[PDB]
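Below is one structure, written out as structure tokens; the observations come after it.
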Amino acid sequence: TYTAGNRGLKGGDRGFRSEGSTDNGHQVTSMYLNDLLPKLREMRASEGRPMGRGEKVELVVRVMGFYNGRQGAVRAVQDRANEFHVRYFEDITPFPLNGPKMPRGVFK
Amino acid sequence: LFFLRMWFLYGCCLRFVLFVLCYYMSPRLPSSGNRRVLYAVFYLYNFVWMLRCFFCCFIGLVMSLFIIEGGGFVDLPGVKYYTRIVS
Amino acid sequence: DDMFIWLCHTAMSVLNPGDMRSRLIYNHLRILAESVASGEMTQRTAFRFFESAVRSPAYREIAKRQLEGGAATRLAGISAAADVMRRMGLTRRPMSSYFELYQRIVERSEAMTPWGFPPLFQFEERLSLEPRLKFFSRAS
Amino acid sequence: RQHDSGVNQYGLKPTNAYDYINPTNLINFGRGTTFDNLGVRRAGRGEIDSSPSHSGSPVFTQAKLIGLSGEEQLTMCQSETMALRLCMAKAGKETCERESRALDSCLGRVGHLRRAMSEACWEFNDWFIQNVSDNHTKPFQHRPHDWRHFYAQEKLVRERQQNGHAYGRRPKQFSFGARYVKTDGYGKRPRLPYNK
Amino acid sequence: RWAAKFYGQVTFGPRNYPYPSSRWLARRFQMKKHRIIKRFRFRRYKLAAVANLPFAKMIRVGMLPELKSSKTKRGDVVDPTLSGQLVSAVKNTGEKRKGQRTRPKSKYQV
Amino acid sequence: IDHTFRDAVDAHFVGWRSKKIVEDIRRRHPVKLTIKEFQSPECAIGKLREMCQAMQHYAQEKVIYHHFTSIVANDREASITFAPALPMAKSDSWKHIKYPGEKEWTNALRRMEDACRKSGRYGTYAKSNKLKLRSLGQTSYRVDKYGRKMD
RNA sequence: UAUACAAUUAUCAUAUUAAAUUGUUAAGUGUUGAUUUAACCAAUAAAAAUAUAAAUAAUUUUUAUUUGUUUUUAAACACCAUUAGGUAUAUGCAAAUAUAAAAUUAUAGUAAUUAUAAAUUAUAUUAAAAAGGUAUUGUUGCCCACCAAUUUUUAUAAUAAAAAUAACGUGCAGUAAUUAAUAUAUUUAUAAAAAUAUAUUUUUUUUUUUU
Ligand SMILES: [Mg+2]
Ligand SMILES: [Mg+2]
Ligand SMILES: [Mg+2]
Ligand SMILES: [Mg+2]
Ligand SMILES: [Mg+2]
Ligand SMILES: [Mg+2]
Ligand SMILES: [Mg+2]
Ligand SMILES: [Mg+2]
Ligand SMILES: [Mg+2]
Ligand SMILES: [Mg+2]
Ligand SMILES: [Mg+2]
Ligand SMILES: [Mg+2]
Ligand SMILES: [Mg+2]
Ligand SMILES: [Mg+2]
Ligand SMILES: [Mg+2]
């Protein structure tokens, strides 16, 4: 998992306010896809699926969270459209009907 | 009317008391000065009570017993009884 | 001058004020007008006097023989209201009465919900509207 | 006479007994105050205390209504700007000023449209002040405590169900999984408060 | 409940004041309640009411010679058997035995 | 952790604040006692001495170990610093509660006297001659509002 | 010293014609790692969804019954403490605002009152416009507890309680007031008070009639 704190990009820096920002999500996703292609071609070469040329990876983008870092993330997928082909965009975002207590904030 | 201030008159208008001490006490602000308070004694049903009252009176040649009357309020908190004459 | 405002209300602000040519209702209006001038009455009081004045027995049920929704025609009202200001000596120059009473109505014709009024602001009361927003006022 | 009946020579004319003990109330309602401005408690426009009120809470969103200057604001031309953007992004060999002409036409109209909407909205402010606004004279309806009586009516009901006993009482919150962590003999779901 | 909800009259405002208490008044009385409760805690008060005894009259166990906090004041005179039993009660209240229901503990309870 | 307090201070304050600071030493924290507000240098050390001689009195009975670190005797600051013992191996190897004693006091005293005399300013503030209204309650004689006798 | 409440609408502790109680569901492994936080430290992470009708109205339940404290962590979150843990939510006990009352305080002798709400108080992104005061020429405004003396009443709990009070020393609790306050509950403690669990505005508002 390539993470905004895993890639540098986070600490000892500008601030927390901008930590979960759009452009960080973009940096992370675009850094991840770059490293994702070759390993995909290797995992396929292992079972004998060459995917030599003129092929796209059929992708399902599952998105969680309703936070700023989402927007930018998907953008870094869209500029890879010549490599990756998105069939389905479905977001899995947990909804709390009720459940165990969340951590107590300041006021309540 | 405040009926609990009269506790030591015991249903009487005036009292007879004996002099013991005379000390001074400072009134509630914004009134400054020294209020003279006489500490007196009297007996009822063979009980000896110490009464504490405001000395407004005129002392002449040395004398012992006073006549106590109740008033309205005064500068000094806690002192209900006043002095009429000294005998 | 507030007189013209009052008369505008009696003309346009009242559904079915009977037949306003008849000497009875006409005299009601005349007297009340002369009582708004010379300050003998509040405008509000004279208006509530006008609309509560005695007209004719079973008034509504005679009104069902003329009107559908109880809104009469406004010509009799304006002709009477000009007539009263002329016969009373209200203005030095005769025409001014009619002109002003007419003009103030024509300007209000363009306004949203023109012939209804909030009861508090309609007449003299403790709290008032600013002179621009007053209703039949010259400053609108 | 020459001015309002609710305002005499020295200020607002003091009717209730509150005015005679507190006659600062007659001459000062705030920093938007002038002398002609007494008895008309709302002050001019664009001015301090000029805002009209609706059931007591002032109307500060007017532009947001007609969709001038809001985040939700109405947009006149979209198809044009998108069309032109598409043109710019596609290729550089052919340049289309046809699109930029349709667009600048669109804008040229938009100006007058907007001035019209603004004017109509100021007329709305005037009308709203005349025929609707109470001039900050009635109690707020917009926060839950103002509706306390309503909630009371509901508490009362849950009390009469409980044999007219526990007012304002609610069921004890149990646990995330109270039902399946408890043994036979203990209450596994939260009961009515009277039932405890 | 046994103890007092309030101390003094906490709802004194003018009639039709649309709350039980004002902020000011409730703060005053919160102060007085605070002082009393703090006194109870630090002096280590203990009361008891025993079955088959007059109930309104409560034996004050915090004044008992064994459990007395002061080294000076004469505590109280309570029956030898009964006082032994009270001492045992206070002592075996302290700690949580498993299977028993958890009950709030404090420094001042000992 | 730094504790700053004034020059004029009650016995009371000395007591509870002493217990506080020692309880803070017990947890291994940094402890510095500072006077940045004082009438005279002599007074300032009067109080530093008071607080310290209360501190060892209390901390020896509960037996928590700390060594005296730093005395800074200065123009604007009169201060002492204590360091706790790190472990129970540190408490058993070095078992000491180590304080300054008359020599270190009096020496950094004269050093403060000279340091303050050199700058020409002997304290941040000094007491004022103002007498606030004071009731004494019961008296044997006439007394003016400030609490003084009548000649 | 004696010398005329209300009975049409009054907020703190004397309830009372009421339909509930019982339901076994969910969730869990691939692999080499900077998650959460304003900031520290411990260190597998996923999760627990269904019930209406019906019960008749009043006249002797008031020593009866009843008002959010609850076995099981070998199950978590949460909270409390800090690398060594505690706790983790209605089978014992537990009457209690929803008002029947006669000026404030005070265990029902202490001080002489108290409480209270709309006047006034310059900056919250409209084509400049909405805002609070325990102060009263008003924040350099007021106030809060402990910490000494004394005064006075008594139902004497570490060091009695309560009331008057004008020192000294800590602070800075309160006036949406430097983590909003208020009430109950439980814990904590130099001192105002602070932490958590519920209710709540005597706190300032931000507003999707199937997209
Ligand atoms: Mg009597
Ligand atoms: Mg007097
Ligand atoms: Mg204003
Ligand atoms: Mg409490
Ligand atoms: Mg009752
Ligand atoms: Mg348990
Ligand atoms: Mg005494
Ligand atoms: Mg006392
Ligand atoms: Mg504060
Ligand atoms: Mg606070
Ligand atoms: Mg605060
Ligand atoms: Mg509170
Ligand atoms: Mg504290
Ligand atoms: Mg509290
Ligand atoms: Mg709180």
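All Cβ positions, even for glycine, are placed from backbone atoms using ideal geometry, and neighbour counts span all protein chains on display. The numbers here are math on the coordinates, done by the rules we state, and not lab data.
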Would you list, by chain and number, the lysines whose Cα falls below 24 Å from the Cα of E:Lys71, excluding same-chain residues fewer than 8 positions away? E:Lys38, E:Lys46, E:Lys91, E:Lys107, F:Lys19, F:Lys62
As a test, work out the antiparallel percent of DSSP beta bridges whose residues both lie in the protein assembly as shown, rounded to the nearest 5. 75 percent
Cut-off 14 Å between beta-carbons: net charge of the residues surrounding C:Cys8, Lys and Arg +1, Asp and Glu -1: +1
Let me check against my output: what whole-number percent is the relative contact order of chain B, with C-alpha pairs under 8 Å and at least 6 apart? 29 percent
Rg(Cα) / (2.2 N^0.38 Å) computed for chain D, rounded to two decimals: 1.87
Rel. contact order, % - alpha carbon contacts under 8 angstrom, at least six apart, chain A: 29 percent
Taking a ≥ b ≥ c as the square roots of the Cα gyration tensor eigenvalues, with a/c under 1.5 meaning rounded and otherwise prolate when a/b beats b/c, else oblate, which class fits segment F:44-95? oblate
Highest-first arrangement of B:67-73, E:62-68, where packing means the average Cβ count within 10 Å: E:62-68, B:67-73
Could you work out the local net charge near E:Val50, counting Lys and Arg as +1, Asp and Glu as -1, over the other residues with Cβ closer than 15 Å to its Cβ? +1
Treating every alpha carbon of segment A:1-90 as one equal point scatterer without solvent, the Debye formula yields log10 I(q)/I(0) values at q = 0.23, 0.25 Å⁻¹ of -1.17, -1.29
With 29 Å as the limit, write out which pairs from F:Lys20/F:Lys90; E:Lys33/E:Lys105; D:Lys138/D:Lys172; E:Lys32/E:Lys73 have Cα-Cα distances beyond it, or answer none. D:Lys138/D:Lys172
How far apart, in nm, are the 7 Å Cα→Cβ label points at D:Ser79 and D:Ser55? 4.0 nm
If we restrict to alpha carbons, what Rg and Dmax does the protein assembly as shown come to, in Å? 45.2, 133
Nearby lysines by direct alpha-carbon distance to B:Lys80 (threshold 26 angstrom, same-chain neighbours under 8 apart not counted): F:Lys145
Rank-order D:110-116, D:81-87 by packing density, defined as the average count of other C-beta atoms within 10 Å over each peptide's residues, highest first. D:81-87, D:110-116
Normalised alpha carbon radius of gyration of chain B [divisor 2.2 N^0.38 Å]: 1.08
List the GluC sites (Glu not before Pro) within segment A:4-99 that DSSP assigns to loop and that have no more than 16 neighbouring Cβ atoms inside 10 Å. A:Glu19, A:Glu55, A:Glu83
Mind listing which chymotrypsin sites (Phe, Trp or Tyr not before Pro) in segment F:84-151 are in a DSSP loop and have 12 or fewer other Cβ atoms within 10 Å? F:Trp94, F:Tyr125, F:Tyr141, F:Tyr146
Count charges around D:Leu107 for me, please; just the other residues with Cβ under 14 Å from its Cβ, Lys/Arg as +1, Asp/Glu as -1. +1
Under the definition of partner shielding as Cβ atoms of other protein chains within 10 Å of a residue Cβ, what is the mean value for peptide C:119-128? 5
Point-to-point label distance, A:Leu59-E:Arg28, nm (Cα→Cβ direction, 7 Å offset): 7.1 nm
Folded to 0 to 90 degrees: helix F:11-25 orientation relative to chain F principal axis, Cα: 20 degrees
Qualifying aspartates and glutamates (Cα of each under 19 Å from Cα of A:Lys56; at least 8 residues distant if same chain): A:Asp35, A:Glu42, A:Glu47, A:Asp79, A:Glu83
Listed peptides F:106-112, D:65-71 by packing density, highest first (mean Cβ within 10 Å): F:106-112, D:65-71
Report, as an integer, the average count of C-beta atoms from other chains found within 10 Å of each Cβ along D:32-45. 2
To the nearest 10 degrees, how steep is helix A:69-78 against the longest Cα principal axis of chain A, on a 0 to 90 scale? 10 degrees
Taking each residue of A:96-108 in turn, how many C-beta atoms of other protein chains fall within 10 Å of its C-beta, and what is the average? 1
Give the angle, between 0 and 90 degrees and rounded to the nearest 10, that separates the Cα long axis of helix E:80-93 from the longest principal axis of the Cα atoms of chain E. 60 degrees
Principal semi-axes in Å for chain E [√(5λ), Cα gyration tensor, largest first]: 34, 18, 15
With the dipole of chain E defined by +1 on each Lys or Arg Cβ and -1 on each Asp or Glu Cβ, the option from E:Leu64, E:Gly84, E:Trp24 whose Cα lies farthest towards the positive pole is E:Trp24
Positive-end residue of D:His112, D:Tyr10, D:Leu86, charge dipole of chain D with Cβ unit charges: D:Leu86
May I ask you to list the GluC sites (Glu not before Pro) in segment F:1-62 that are in a DSSP loop and have at most 14 other Cβ atoms within 10 Å of their Cβ? F:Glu61
Using a 10 Å Cβ count of at most 13 others and DSSP loop calls, identify the longest part of chain D lacking such chymotrypsin sites (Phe, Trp or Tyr not before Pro). D:61-139
